[PDB]
Structures are given as C-alpha cells and as structure tokens.
Amino acid sequence: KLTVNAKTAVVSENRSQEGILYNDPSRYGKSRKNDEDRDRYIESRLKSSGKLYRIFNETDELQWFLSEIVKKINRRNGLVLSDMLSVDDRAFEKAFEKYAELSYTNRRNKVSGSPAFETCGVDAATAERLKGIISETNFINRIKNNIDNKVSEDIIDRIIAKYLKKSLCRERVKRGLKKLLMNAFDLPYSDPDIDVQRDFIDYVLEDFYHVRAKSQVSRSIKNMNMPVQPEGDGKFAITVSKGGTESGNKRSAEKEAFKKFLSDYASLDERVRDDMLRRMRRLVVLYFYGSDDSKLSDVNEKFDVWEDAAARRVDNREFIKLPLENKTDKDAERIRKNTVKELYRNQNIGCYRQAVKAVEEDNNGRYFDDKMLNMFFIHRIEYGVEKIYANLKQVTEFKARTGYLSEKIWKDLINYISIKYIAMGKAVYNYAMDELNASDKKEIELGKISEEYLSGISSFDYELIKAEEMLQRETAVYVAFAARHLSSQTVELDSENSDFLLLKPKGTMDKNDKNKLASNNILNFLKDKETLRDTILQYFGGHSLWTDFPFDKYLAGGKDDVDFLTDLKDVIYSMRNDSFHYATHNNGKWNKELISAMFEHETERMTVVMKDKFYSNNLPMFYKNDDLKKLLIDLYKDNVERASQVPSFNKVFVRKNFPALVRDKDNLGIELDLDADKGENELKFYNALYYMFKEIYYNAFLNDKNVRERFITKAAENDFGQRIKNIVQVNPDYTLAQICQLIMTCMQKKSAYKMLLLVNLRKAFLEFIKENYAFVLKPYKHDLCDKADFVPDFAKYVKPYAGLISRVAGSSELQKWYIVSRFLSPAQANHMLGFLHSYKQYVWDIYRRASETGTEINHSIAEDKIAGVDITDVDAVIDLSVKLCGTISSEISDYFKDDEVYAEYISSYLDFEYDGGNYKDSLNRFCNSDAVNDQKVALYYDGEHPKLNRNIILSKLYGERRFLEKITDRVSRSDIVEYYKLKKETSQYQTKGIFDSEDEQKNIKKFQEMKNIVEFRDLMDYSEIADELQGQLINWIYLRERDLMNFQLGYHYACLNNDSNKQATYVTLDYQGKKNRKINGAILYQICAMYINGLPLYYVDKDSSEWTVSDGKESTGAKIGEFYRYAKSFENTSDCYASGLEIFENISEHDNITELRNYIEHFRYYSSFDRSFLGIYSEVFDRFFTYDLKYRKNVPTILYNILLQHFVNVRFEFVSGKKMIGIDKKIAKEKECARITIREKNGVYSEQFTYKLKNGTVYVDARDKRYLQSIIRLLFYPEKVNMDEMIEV
RNA sequence: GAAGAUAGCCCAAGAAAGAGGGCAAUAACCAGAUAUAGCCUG
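Numbering (the working numbering), first residue to last: 0 to 1288.
Encoded structure:
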C-alpha cells in the first residue's frame, strides 16, 4: 500500500476542505504533512519500488516449468529494467524518465508515436543508443538471455495470465507483451493493430517511472472530501469537487447537476418524482437497448418504469457472446475469464459512446433537460457495468444477459439516490438538529447547522459519529435481549401482543369499553402471578438472596409484584430508541428507589461472589487462605476498568499449553507433588491456576507500573521495538494498554506483530508473578475448608462499590444500564462490556489523532461520559452484571418448585430413561446405575436431590428451550458410556497438555467433545450461536431504522430547501395547547420524534379530532400513526411518511418489511419456527437492505463469518424461494425471493485445528459430525436436509 | 420493483476511454474471556 506509513484525513477549515496525510503516532507539529512534504512523501514511496521492478511476479510439472521461465527472465542479465536503464554510470536515467513522462503525455494529448530522445536533453548519437536499449530487439535479447528452453504460445499465454504485473494488465499492454514474447521465441504470430514499442515497451517505462502516480496521487489525496458539506447559505448538500483540470471541471459540473436532481426530486407531488424517474429509466433503456427501443419512440409516453423493468428481466438478449467452456484447468478458466472481462469492457465502451451520442442528438424531452445530468447518469451506468464485470468471480450466462445488466444498473442508480439522501440526513441529524435537546425554549428551529459545523465536517467528526452509532446499535440489541429474557418466564405473548415492552400496566382499561381491561394489559399475559416475584428474582440470582430485602417498602399502596414486573419492563423500554446524541432521560418514571436499592443490594454480595469464585475454582485446595486473602484484596479492592485491544488472557496463555508452560523451569517451574485422585487433583490445580492467573492478568498485571517499564525494556523484532520506542517517545505516559492498542493499529473471515505482543506480555506476566505472587510457585494440595470458612473477613478490607452506589441512586440512566445488562446472559453481558470498551478506545483514538494533526474538533462526544453518565460507572455496572449473571444459586428452589419439576426439566436435554413415574426417582435410578464396568453414571445427582446444573439453569433463564430441543439430541446412556471410556483412555496423559502421539491428541479431542456433551456445554454453544445470529439480525434492524430516519431527514430537508409547494404546518408548527410550542422546521422535528424515545410528537388526536402533543414515550408504531395524523392535512400527498420511499425500498413490500422486523425483534421464531435462520437471513438479503448495496451484499458474508467464528465452514448456494407482497388483514400475492441455502453435497465442513506435538504436527477437526449436524439443524429448522450428504469429512 | 452474494463510496483519471489513490469517514475485518479439559495454529 502506497501510504503505509501515514494516515489520511479530511479537514475543514473555513468551509473549504483538504485531504491531509499525517504520520501516526506523532506529536502536534510533527504529524500533519505540509504540501511539499505530502508531495515528497508520495514521490519517495513511489521510487521505493523502482529497482525491484519486474514484468512478472513470483508441484505440477508444467506449473513449475512456467515458474522457472519467469525466474530466468527476472534474474540478472534478464529483463531487469533497473540494470538496463542505469547503464554507463546512471548517465541516462534522467533521459529515460523524461522519455517515460513524454510517452505518457503523448497519450493524453493524443500525440501519435513514441517520443524521440533528442527532446529529452540528449544529442543524436546518444539518442540512437538509448532508443536501442528500450527497443524490441534489446528486450528480446534480455528476455531470452537466461532462457534455454522451447516455449509454446500456450506457455506464454499461461505466464501472462498468471504472472503479469497488475499495472501491466490492460488489453493493449498484454497484447504488446504477447507479440514481443512470440517474436522473442521465433513463433509465428500476428497482431497487426498492436505496436510492441508503443503498446508494451513505452508503457512499461511509464509504469517503471510511475509517471501517472507521480503527477496525480498527491493531488487526488489533497482533493479528498466527505460525502456532505455545507454550502454558502449554511445548507448541507452532497459535496462537489473543486475540479481544477479539464476533465475534473466536467466531472464537477455533472456532480452539481446531480445535486440539483436531488433537490428537485424531493417533491411531495408524486407526479414530479414519477416523471424524473421515467427520464432516468429512459437513460438506462437507451444505454443498453439503443435509441430505437420502442420505449424511446414516444417522448411523452408515461410508461410504467417498473413494468418496463419487469419486461427487461425476462428478456433473453445477450450483452456479449460468451466463449465456449474449456476442456478443471484453473489456468484455462482464468484466461477465459480475462477474455470475458475484455468482452464486457468493449461492449460497455460501445454502449457508452452510443448513449452519449443519443442524449446529445435525440433527447427532445426523453431524458433530462440538463445535459450534464444525463452525462452524470450515463457515467454512473458505465461505472455500474464495470462494477459487475470487474468483480467477476465466475463467467455465467445469466450475468451476460442484457436485461440482467440493465436492471442491476437501474437498481444501482436508485441505490445512488438512496445513499445520497441518507448521507444528507446523516449530516442534518448529527449537526443541524441541536434544538431537539431538551430545553425550556417555547420556540425552536430544526434544520439549521450548528455553529461548530458551519465551516464544514472533518473525517474525525464522522469517526466520532461511527463510534456513537456503533455503541447505540450494539446497545439496542441488548435492550431487545433483556426484554426477551425478562418476558420469557413472566408472560406468554400472542401474535397480536408480541412486544413485551409495549404491554400496559395492570390498571389499563379498554378505551372503548372502560369496564374491561385493555387487550394489551399486562394482566392478560402473566404466566403465574403467584410466583411472579420469585420468577423475576431468578434473574437477580435467586429469590433466596432477597429474603432480607424490604420489597413492601417499595411496593406500597396497591402496588404488588405486577408493578414490580412493570417497573423493570419500563426501565428496559426507556433504553429502547434512547438516543445517545439528543438528551430528551434522567427522569425515569419507574420506582427509582426500588431499582437503586436493588443495585445496592447486589453490590453488597460482590466481594462474597468474587471470593467464592476462588473457592469454587479450588484455589484453597492448593494455597494458604491467608496468601489468597492478600491476592483477593489486591485484585478486588478497586473496580478495574479494562481497556480494549489488549490481548485476552486466554490468547496470551493458551489453555491447552498451560500445564507445560507453568512446569517449564525457564518460566515458573511449578511442579505439584501429589494415588487414585491424582489426575483429577492435577486437573483441579491447573484449572485453579488458570483462573487465578486470569484474574491477576486483568486486575493487577495490566495496570502495574513496573510491568509497563519492564515490558518496554524487554521489547521484525527490531521493527516491533522501534515502534514501541516511537510510541513512548510520542507520549511517555501511555499505559501498557495504550501501547498495545497503538501496536495493534477483507470483509470475509479467513479460513485455514501479534505474536511478539503475546510473547512479551506472556514473559512480563511470568516475571510479575515471580516478583509479586511468589507463593504461587509453591502449591501444596490439602483439604478444602468449608466454603463459609474461606476468608469470611474479606468484605471488611475492601469497599470498591461505595461511590457507585450513590451515583446509581441519583441516575435514571445508570439504572437503565444496570437493568438492561443484568438481564443478559453472561456471554452477552461480557460482549456488551467489550463494546463499551471498544467505544471508549475509539473515541480516545479519534481525539488523539485529531489533536496530533491540529484539527479542531467539537467535543459533542465526550471521552469519559456516555448519555450524561461516566463511562467508568457504566463499566462497573455492566461488569457487576457480567459477574452476577454467571453466578447461579445453589438452591434448586430458586429456579424450580421442587426436585420433581427440576428433574422433568432436565429430561428435555437428558434421556435418563424415564419410565413414566416420578422424574426425581427415574433420574436418581439413572445416576445410580452402572455406566461402564464399576463406573456408574453419576454426573447428574448430588446426594439427596438432582445436581444443580449451571448450564441447565443458564439455558432456562437465557436460552430458548423448544429451540434447543429441536436442534439437538438428548444426552444418552451411550454418550455417558463413551465419555467414561475416553476418560479412562486419556487418564494417564491428560495434563501433559502437549502430547507425543497422534492418537493421544485425537483421543483427547474426542474426550473434550464428549465432556462438552454430558455437561450440556454444547447446548450453551448452540444457544450462543443462535444469540449471535439473532443479535446480528437485530443489529441490522437498527442499522435500517437509522438509515430510514436519515433518508427521510435528507429527503424532507431537501424538500424544505427547494421551491416546491409546501403547506404551512410542514414548515412550522404553532402548537397553542397548554404545553405550547412553536416548531420551525417542523417536518424535521416530527421525523426525528418518530425515532427518539422521549421526544414528543404533535398531531391531531384520533378521538378528539384536536391538536395535542404526546409525552414522547409512546412506541415507534404509535409515533408513526401520530405522524400520519400530523401530516394528514397535507394536500400535495396522500402519505408524507412514505414520500420518496420508492428510492429507499419497494413501496409495495413496506408492510412485509415491518412484518419481518417485528418477527425478528419480537423473537417470534422461538415461538413458531415457521421459518429458519437461513430463511430469515435470505429475506434480509432479498429485501431488507434495498436502500444500500453495501449492506445488502455483505449479508451472506456476515452469516458465513458468524459460522466460521465457531469453526464451521459453509458453502452457500443461491437459489429461489417465495415471499409475500402485502399483508392480509386479502391482497397479499406471492412471488420469487432470494433463497440462501447450503450446498447439498459437502456444503458444511469443520475448520481444522493445528495441534503441535513433540514429533511435529497433526491436523484435527475442530468440530465433529455431531456438532456440525446441530449447526445444520440450527440453520435449517423447520426444514430438514440430508446431513450425511451435506457434511464433509 | 425477486435472487444467484463475497463489497460500497470519495478523490483522481477518462472517449483512439480511463483504470491510480483513499476510507476506524462504512459496513464488514481485526480485537475483546463470562465459569472448572470448549476459541488450535499463525
């Protein structure tokens, strides 16, 4: 990469912008490059590549013969341009470079012929010598000087397609090279239109001397800009380049013409938009079908553009003639693909030239009056064709159909309009809606650019927006999951009341018959009002932990456990659509005293929980309580805010390698001196040490001052250490985390500097242990104390939560973070915490880079606060949830009425041979039965009662029972038999960690897999994968919802700022009710109110037929209804909300989009299973992202990545399904829909693990066939597939 | 107004076409350890 040293940014000074290069990390005054240094930096990077320049880059008998031919051509005395042109003590280097400059200039100025060296500052005799050096004769001599083989044309064809330098891969250059090589090897060849000197050799010299980049790259950087900038009148519009050259000024004029299109198109009169889309449609028809197409004959034919679009789809015309397939041969298919790409390009050029001529000669009302707008669109069309064939992965007939291309380009043009309105709305929303912020102002104005942005937008500004929008969208996902989890055991929703958060409090009566409760009254959905409080408290660690809590102090009056449920629901709801940017916020309607007291109650258990994790991880089995007490106080006396982009403990200390690592005498030299329970005690020890080291890593090691200094000293390796010294040079106070982040600084996850960081951290940690926790080196196995006896004096020494308690008491916003994170699974809460960390680091990094480049930056987004509250407090709250979500009660009765219902629940996942009687006894019989030899099943029973199984309870609180039952098979006796058999077979080398034999490793892997089954850990895995698939779907929902609002904002902002007719209340609302307010820019205010929880909407009420203002807390659905009643007066439309949305989506499918969004966000899949994950992802791909190609076209890759993260490789096939258009209430029609499926044969395979041994390496499937089967069932259910054929091994 | 994905946009260039650069700006990628043999290898 050319600018690998530097970063680029766009800065905006006084409504003029500049693309800058800057060195990072650097100090202010040493970072941003001035014009000369930018120029020289580019020059220097270009001339870097000069002397390694070779025509050709870089086992089968032929494929290795090609490689040998290339190498001989590239070896010395071969075709080495640096040697050839530097001859005679570099005396001609300047002349040759000047020749290259004039050769390039001759192309742009249409000057025919190679330059003569006489005009490069050189006499006539020398010119003859130089011309000979860069002649075909000399090239032929240099090319064959190292070759003593007989090469064929096919060898030449293969070498060119496989090894030719990318900058030389243009048709005429490749043809020139082929002609030269055929002449060099005395093979008859004719290509009369090609001149070897001009088409190949002269071009090579232009490439060698980088004449294009030297004259263009620096200026192209300087002219970079953002998508939208303010104009003179303080209005945002799409950015237009300042041009400066002949072609650049034409390009700017076309862009200005499209800017005018966007203004004119934003018309509430749908006839204006229809006519403009028809003119754009005619341009597409002209481009692909020529000026004599029947739809271009009558210039005033108001043909339906979508009917024409549908017509070209079923058209069979071929855009190009495809060559016949080959006699696979990957070399021959690459040749054919290159031939096909050149065919597309030739036809594209012809189409372009024909269209340009026709819009010049045969317009007369067919196209746009503005010639520059027709040219803008023709350039978009040409570009769109190139996007398709430059991409080309596989030559296919469907992609060669003219109607495929015309309709791809049509949707591409609509895409471009869509993303520009969205880009406008993004600027308006972020920078021209200040007065959305809560105030006492009785008159506000929306759509005026905030003072700090009138001089324009920088790239750093948009980085800050991305940081905030990412966290907002990530948080939105967790709000949905928290609502799901709270709803899952408290209510049974139905299809008409599927959103838990929109259920109404217990006193809500029907509006039309006040004798009845409203249909959405929460009472109608309660699963069991009598156990409601105890059910809720399962999510607060079990009601047994709350026996001392004065609930009745807070549920006084008629308030009961239904109001308790309603208050928690209200906390969660208050975070939905809660904008981080616009505070509406700190006034929660729920019982803040109750929530605050519950938080304080939970903080009181934290020291007990953390010390209990030492106990439960068996640390007091190997170390003295007093030594562990010292450690406990060190680790937990202060809440620790973790920094992002520090390598995880588990990557620095790989669990599989851990026992060998701690025993290594160069590291720690720990050897535990231990009969029967030997291996089990060894395993307990290494598991205990792993947990203790993990806690030390995060809570003591990473922030230790001495660790940092020693890491820097101890720290390719010269490169690594060089950047470290640069980093600390730039700021000596950078923490170790910040050094790691600066060091660590393709859409598809890849199947089968970081190491230096892991190594230096691993060694620094071992030394930290030796220096500070030396008692760790001397473990001694002894008996576990009673749990209550282990450091019972612990809470006396530390009070980490003292300050946070009072801050949560006084913050509605902290209470939201608390309740939302607290209702997540432990893995989800951990992910939420990680997103917070990533947000904080990103914001810090942006300000850091803005600062070093001297870029003024409005601190609307703070480094230390979010939504008004300290990030450190949010962090501590979420961290409290992470820990407590994973702390399961020891009382079965906290989760089930008795051992019998518990045992019956276990039977959903375990076949303990239920006879038909009592479950508790059938399970007790099963655990007391013999499994293998003298091995009894055991596992699932703890003396008198069934064993409390952590994974079972976690699946009950946070997983989806019917889903898990549908995608897995219950654990069986034979599973438990196999578990014990592999236990035995591995019992003698289990903590070796890194093994000698190959079948030792494979058996260890098999045991690990069986342990995961009998422990229900695979269940947790599948639940997390489903949560990740569902979470990504919800993420996409909030991506779309953001961009729908932005589209509407940008479109109506454009409308407000054009001359089209606008009614009074579109521009200005003068609300004279008791909460009176005047709103200038009313349409913009009302758009944003639809999407912001807490922002009132002004409308004419259905029942009173009078103007009112809402409290702003009603649902998005209610707000859309209210918006309709606001707009309802408008005469120039019938649906203002939907104005322009034909660009964003297919209007006829709007209700299906809403239905899909609701299906996902209301978790309906888990109740009905009427469609699969693949089917939902298919419908998202098909029509959820109509508004922006860049989201739509990554939908399958994102799915593939999620699976690959879990070591599952899937091969997609794209086929056809069905979708409805419209929603019956009866006008829904069915049609074809994209269907993403998986190849029926060998479509799913496991990633391989690389296991190192003593010998060498063995490759083992990460995931066995049984695991892969459940993944396929997860993806396909309710559909069933032949998994034997689909799974590869 | 189906889909056959594995980008998209900005800047530059450009009709005898051009075809370079940039993007934490834009999604993805990378990274992140919550709990006891589950995320190896690089």
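Beta carbons: idealized from backbone N, C-alpha and C, even for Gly.
Taking the continuous alpha helix (DSSP H) assigned at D914, which residues delimit it?
Here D914 belongs to no alpha helix (DSSP H), and DSSP marks it neither H nor E.
Is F1183 near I1152, with beta carbons less than 8 Å apart?
Yes, the Cβ-Cβ distance between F1183 and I1152 is below 8 Å.
Do the CB positions of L492 and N519 come within less than 8 Å of each other?
It is not a contact, given that the beta carbons lie outside the stated cut-off.
Quick one: what does DSSP say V313 is sitting in, helix, strand or coil?
Three-state DSSP puts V313 in coil, outside helix and strand.
Would you kindly report the start and end of the unbroken beta strand (DSSP E) that includes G1216?
1211-1220 is the span of the beta strand (DSSP E), which, as asked, contains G1216.
Would you decide whether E1121 is buried or exposed? Buried here means 16 or more other CB atoms lie within 10 Å of its CB.
Counting Cβ neighbours within 10 Å, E1121 comes out buried, since at least 16 surround it.
Give the DSSP-derived three-state secondary structure of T1107 in the structure shown.
Strand.
According to the Cβ coordinates, are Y572 and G1139 closer than 8 Å?
No, these two residues do not count as a Cβ contact at 8 Å.
By how many angstroms is the C-alpha of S405 removed from the C-alpha of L285?
If you take the alpha carbons of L285 and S405, they lie about 10 Å apart.
Please return the same chain residues whose Cβ sits closer than 7 Å to the Cβ of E117, not counting the five positions on each side in sequence.
Cβ neighbours of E117 beyond the five flanking positions: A123, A126.
Tell me, to the nearest whole angstrom, how far the beta carbon of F789 is from that of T606; I am working on the premise that it is less than 8 Å.
Contact flag wrong, Cβ pair sits at about 12 Å.
Apply the 10 Å Cβ neighbour rule to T852 and answer buried if 16 or more other Cβ atoms are within range, or exposed otherwise.
Buried, since its Cβ has 16 or more Cβ neighbours within 10 Å.
Rounded to whole angstroms, what's the CA-CA distance from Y1052 to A475? Just pull it up for me.
So the two alpha carbons sit approximately 27 Å from each other.
Locate the beta strand (DSSP E) running through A1233, then write down its first and last residues.
It spans 1228-1237 - the beta strand (DSSP E) in which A1233 sits, taken as one unbroken run.
Taking 8 Å as the cut-off, decide whether the C-beta atoms of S850 and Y27 are in contact.
Closer than 8 Å, so yes.
Starting from the Cα of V639, find the closest Cα among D665, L567, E694 and give me that residue.
Among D665, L567, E694, the Cα nearest to that of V639 belongs to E694.
So the alpha helix (DSSP H) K769 belongs to, where does it begin and stop?
Counting along the chain, the alpha helix (DSSP H) containing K769 begins and ends at 753-771.
Mapping the DSSP letters down to three states, classify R53 as helix, strand or coil.
Coil, per DSSP.
With respect to the beta strand (DSSP E) encompassing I521, which residues constitute its N-terminal and C-terminal limits?
Counting along the chain, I521 falls outside any beta strand (DSSP E), and DSSP gives it neither H nor E.
Thinking C-alpha only, which one of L938, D625, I1078 is nearest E1014?
Among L938, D625, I1078, the Cα nearest to that of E1014 is on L938.
Return the Cβ separation of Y918 and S906 in integer angstroms, given the expectation that the two are a contact with Cβ distance under 8 Å.
So it is a contact: roughly 6 Å between Cβ atoms.
Using 8 Å as the Cβ pair cut-off and three pairs as the minimum, do the stretch 531-544 and the stretch 554-569 touch?
The answer is yes - the stretch 554-569 touches the stretch 531-544, with three or more Cβ pairs under 8 Å.
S11 lies in the beta strand (DSSP E); which residues open and close that run?
Segment 5-11, the beta strand (DSSP E) holding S11.
Residues bridged to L525 by DSSP?
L525 is bridged to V490.
Use the C-beta contact count for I1226: other C-beta atoms within 10 angstroms, 16 or more gives buried, fewer gives exposed.
Classification for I1226: exposed.
Going along the chain, which residues of its own chain have a beta-carbon closer than 6 Å to the beta-carbon of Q488, five neighbours each way excluded?
Excluding positions up to five away in sequence, the list reads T534.
Could you give the DSSP three-state label for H1161: helix, strand or coil?
Three-state result, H1161: coil.
Three or more C-beta pairs under 8 Å: does that hold for the stretch 958-976 against the stretch 1001-1008?
These segments do not touch.
Who pairs with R169 in a beta bridge, going by DSSP?
For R169, which the question treats as bridged, DSSP gives no partner whatsoever.
Assuming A1081 contacts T1067 under a Cβ cut-off of 8 Å, what Cβ separation, rounded to an integer in Å, is found between them?
Contact flag correct, Cβ pair sits at about 6 Å.
How big is the Cα-Cα spacing for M620 and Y1164?
If I take the Cα positions, the gap works out to 46 Å.
Determine the extent of the beta strand (DSSP E) in which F235 is found, giving its start and end residues.
Looking at the DSSP string, the run of the beta strand (DSSP E) that includes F235 is 235-237.
Below 7 Å CB to CB, which residues in the same chain sit around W816 once its five sequence neighbours on both sides are set aside?
Taken in chain order, the residues that qualify are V873, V876, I877.
Could you tell me the distance, in whole angstroms, from the CA atom of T1107 to the CA atom of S880?
Near 41 Å, if we compare the C-alpha coordinates of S880 and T1107.
Leaving out five residues on either side along the sequence, give the residues of the same chain with a beta carbon under 6 Å from the beta carbon of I1003.
Cβ neighbours of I1003 beyond the five flanking positions: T985.
State the beta-bridge partners of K864 as determined by DSSP.
Beta-bridge pairing links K864 to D869.
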